Amino acid sequence: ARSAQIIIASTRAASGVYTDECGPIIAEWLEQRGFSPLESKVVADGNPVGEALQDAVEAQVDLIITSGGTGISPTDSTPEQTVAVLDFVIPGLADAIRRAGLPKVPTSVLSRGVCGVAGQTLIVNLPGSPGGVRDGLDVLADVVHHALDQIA
Amino acid sequence: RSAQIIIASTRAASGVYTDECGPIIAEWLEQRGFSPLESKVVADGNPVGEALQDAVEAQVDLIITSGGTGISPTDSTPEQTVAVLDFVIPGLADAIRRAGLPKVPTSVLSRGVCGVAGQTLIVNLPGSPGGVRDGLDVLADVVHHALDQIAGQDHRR
Amino acid sequence: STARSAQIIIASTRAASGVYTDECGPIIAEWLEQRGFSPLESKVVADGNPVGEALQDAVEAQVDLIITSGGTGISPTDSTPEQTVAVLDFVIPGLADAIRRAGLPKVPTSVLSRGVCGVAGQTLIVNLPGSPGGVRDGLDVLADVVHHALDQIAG
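Protein chains in written order, with the deposited numbering: chain A, 4 to 155; chain C, 5 to 161; chain D, 2 to 156.
Below, the structure is given as structure tokens:
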């Protein structure tokens, strides 16, 4: 069975007890699709995101899904942290995830999330909202199995 | 909010023709809570980058360029813009290109970027009046939100 | 008054052994003939450095258009995008995007293709997928823009 790691990228979330829906939404999607083992990290924006990515990549996790920190305000550094770890980017997948938020949420176009491969790990940046997360998972659902196989 | 319009066209800056895009952009800005500075019409290449740097250093909130985003030897607006940017916003440039479809297939050849430099938002638009209108229509729904975010005002989840 | 030349590069290591059934080359050749490209040349190279070698050669020769097929995925052997970006002066992201979108919605995995398009020297370079279907999808995207793109490159 394939392994997965969820990384909630949010200083706000990491500053207290996590009680938000996005982690569970993603974990439930993964769990119900038979990913195992399966774990969840909530980390602050900036270097802790890159640190968590590096940890999971060195551990050869099959799939990493991050949520949050993809926008254009000063604390949004998930794309930076992610690109720094990637071997290559998969632009069509990030574009598809953005497009899934249109026309309902015009500011979907401001998300700078990337997807890509690092080592033998697929990494997918999702947005921080439950709606954006669900939209992104629905995009991923039709390609994730094929993507993991092709990486292998 | 402040805005700077930059027309990138050696032929307009000469000027062998009168630019139509600048006034379109200016009216659009004025409808929407922007106070435009005097537009600049500059020749392609380094003058574009120099006008971008001047505006960023003067902390203009929004810069909109028009022209020089194609793939001819003198289309260097994307190169000049990227050189000034801190980061790009790919989804916005994409949406601006898609807005030209399916009516103008060569819209897909535009290499315009959008991004942030300092606390300034920079948007590359095409050099045609039609392309500018299509792009402004895209920008309309997101531009104030974007500027608020770049100013450091936000609500992280 | 001068016609545009086109080079077809099929990126497939297998086609060096008796894979022998490259269906895509002929499809692209026919499509190029139909759009006035001449002369035409086609070749198959293995994944990796030979692709870049083939790209570099045709760019130095001022070939007008290069279409590649294959090696644009996310497998460990898919290196066509890396090889291409190494030769490019700049990318044309809208074109690669349109080619990917042409595979939707019937082929969801189209979004995994990392092919690029761009200009090197005076040469337009277009990465297409390795499947006959993806090639046909990509060629349909090029059909109403490729000569316009070469017009612009030349001025």
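Ideal placement from N, C-alpha and C gives every residue a C-beta, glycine not left out.
*asked:* For a quick check, are the C-beta atoms of C:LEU129 and C:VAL136 less than 9 Å apart?
replied: A contact, by the Cβ cut-off of 9 Å.
*asked:* At the level of alpha carbons, what is the spacing between A:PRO109 and D:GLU61?
replied: CA-CA distance, A:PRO109 to D:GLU61, rounds to 44 Å.
_Considering Cα atoms alone, identify which of D:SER111, D:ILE100, D:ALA55 and D:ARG15 is closest to D:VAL146._
It is D:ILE100.
_Best match in D:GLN8, D:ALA17 and D:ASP23 for proximity to D:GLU34 [C-alpha to C-alpha]_ = Taking only the C-alpha atoms, the option nearest D:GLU34 is D:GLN8.
*Of all Cβ atoms in chain C, is any one closer than 9 Å to the Cβ of D:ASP65?*
No - not a single Cβ of chain C is within 9 Å of the one on D:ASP65.
*Looking at the C-beta of D:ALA99, does it have a partner C-beta in chain C at a distance below 9 Å?*
At a cut-off of 9 Å between C-beta atoms, D:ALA99 counts as an interface residue with respect to chain C.
_Since C:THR78 and C:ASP48 should fall inside the 8 Å C-beta cutoff, what is the C-beta to C-beta distance between them, to a whole number of angstroms?_
About 5 Å separates the beta carbon of C:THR78 from that of C:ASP48, a gap short enough to meet the 8 Å contact definition.
*Limits of the beta strand (DSSP E) - the one that D:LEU41 falls within*: Unbroken beta strand (DSSP E) run through D:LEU41: 41 to 46.
*For the candidate residues A:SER132, A:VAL127, A:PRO133 and A:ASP138, whose alpha-carbon lies nearest to that of A:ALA150?*
For A:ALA150, the nearest C-alpha among the options comes from A:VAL127.
*For chain A, is any of its Cβ atoms less than 9 Å away from the one on D:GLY49?*
Chain A, which has no Cβ nearer than 9 Å to the Cβ of D:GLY49, makes this no.
*Measure from the C-beta of C:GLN153 to each C-beta in chain A and report whether the shortest distance is under 9 Å.*
For C:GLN153, the answer is yes, since a Cβ of chain A falls inside 9 Å of its Cβ.
*Just list the beta strand (DSSP E) runs in the stretch 85 to 140 of chain A, keeping only unbroken ones of 3 residues or longer that don't cross its boundaries, in chain order.*
As for any beta strand (DSSP E) of minimum length 3 sitting wholly inside the stretch 85 to 140 of chain A, the runs are 118 to 121 and 124 to 129, ordered along the chain.
_Report the CB separation of A:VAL45 from A:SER13 in whole angstroms; it is logged as a contact under 8 Å._
A:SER13 and A:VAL45 do touch by the CB rule: their CB atoms are close to 7 Å apart, below 8 Å.
*Buried or exposed: C:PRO106, going by 16 or more other Cβ atoms within 10 Å of its Cβ?*
Looking at its Cβ environment, which holds fewer than 16 other Cβ atoms inside 10 Å, C:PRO106 is exposed.
*Between D:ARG15 and C:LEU66, what straight-line distance do the alpha-carbon atoms span, to the nearest angstrom?*
Inter-residue distance for D:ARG15 and C:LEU66 is about 52 Å (C-alpha atoms, whole angstroms).
*Proximal residues of chain C, C-beta to C-beta of D:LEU96 below 8 Å*: In chain order: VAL112 and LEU113.
*With a cut-off of 8 Å on the beta carbons, I'd call C:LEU113 and C:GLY139 a contact; round off their distance for me.*
Going by Cβ atoms, the distance from C:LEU113 to C:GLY139 rounds to 14 Å, so no, they are not a contact pair.
*Rounded to the nearest angstrom, how far is the Cβ of D:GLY116 from that of D:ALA87, given a contact under 8 Å?*
Contact doesn't hold; Cβ gap of about 14 Å is too wide.
_Chain-ordered neighbours of D:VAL146 on chain C, where CB pairs are closer than 7 Å_ = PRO109, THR110, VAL112 and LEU113, listed in chain order.
*Please determine, among C:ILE93, C:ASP98, C:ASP141 and C:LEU143, the residue with the shortest C-alpha to C-alpha distance to C:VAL120.*
Residue C:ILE93 holds the alpha-carbon nearest to the alpha-carbon of C:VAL120 among C:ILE93, C:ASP98, C:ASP141 and C:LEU143.
*For C:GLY156, decide whether its Cβ has a neighbour in chain A, counting only Cβ atoms nearer than 9 Å.*
Yes - at least one Cβ of chain A is within 9 Å of the one on C:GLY156.
*To the nearest angstrom, how far is it from the Cα of C:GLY104 to the Cα of A:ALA17?*
Rounded to the nearest angstrom, the two C-alpha atoms are 42 Å apart.
_4-residue-minimum alpha helix (DSSP H) runs that sit fully inside the stretch 8 to 77 of chain D, ordered along the chain_ = Fully enclosed alpha helix (DSSP H) runs of no fewer than 4 residues occupy 25 to 35 and 50 to 61 of the stretch 8 to 77 of chain D, in order along the chain.
*Spell out whether any CB of chain C is found under 9 Å from the CB atom of A:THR78.*
For A:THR78, the answer is yes, since a Cβ of chain C falls inside 9 Å of its Cβ.
_Which listed residue (C:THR85, C:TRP32, C:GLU24 and C:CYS118) has its alpha carbon closest to that of C:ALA55_ = Looking at the Cα atoms, C:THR85 is the closest of the given residues.
*Please work out which residues of its chain come closer than 6 Å, Cβ to Cβ, to D:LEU89, disregarding the five sequence neighbours upstream and downstream, and give them in chain order.*
For D:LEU89, where only same-chain residues beyond five positions count, the Cβ hits under 6 Å are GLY119 and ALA121.
*Residue environment, A:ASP98, which counts as buried when at least 16 other CB atoms sit within 10 Å*: Here A:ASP98 is buried. Its C-beta has 16 or more other C-beta atoms within 10 Å.
*If we ignore side chains and look at the alpha-carbon of each, how far apart do A:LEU143 and C:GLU31 end up?*
Distance from the CA atom of A:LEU143 to the CA atom of C:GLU31, rounded to whole angstroms, is 42 Å.
*For D:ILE11 versus D:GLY71, is the C-beta distance shorter than 9 Å?*
In contact: D:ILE11 and D:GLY71 (Cβ atoms closer than 9 Å).
*For C:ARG5, which residues in chain A fall below 9 Å Cβ to Cβ?*
In chain order: nothing, as chain A lies at least about 16 Å away.
*Limits of the unbroken alpha helix (DSSP H) element including C:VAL146*: Annotation for C:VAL146: no alpha helix (DSSP H) segment contains it, and DSSP assigns it neither H nor E.
*Compute the Euclidean distance between the alpha carbons of D:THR22 and D:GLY37, then round it to the nearest angstrom.*
The alpha-carbon atoms of D:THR22 and D:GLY37 are separated by roughly 26 Å.
*Per DSSP, C:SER6 is paired with what?*
Within the DSSP secondary-structure output, C:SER6 pairs in a beta bridge with C:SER39.
*asked:* Within 10 Å of its beta-carbon, does D:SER39 have 16 or more other beta-carbons around it, so buried, or fewer, so exposed?
replied: With fewer than 16 Cβ atoms within 10 Å of its Cβ, D:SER39 is classed as exposed.
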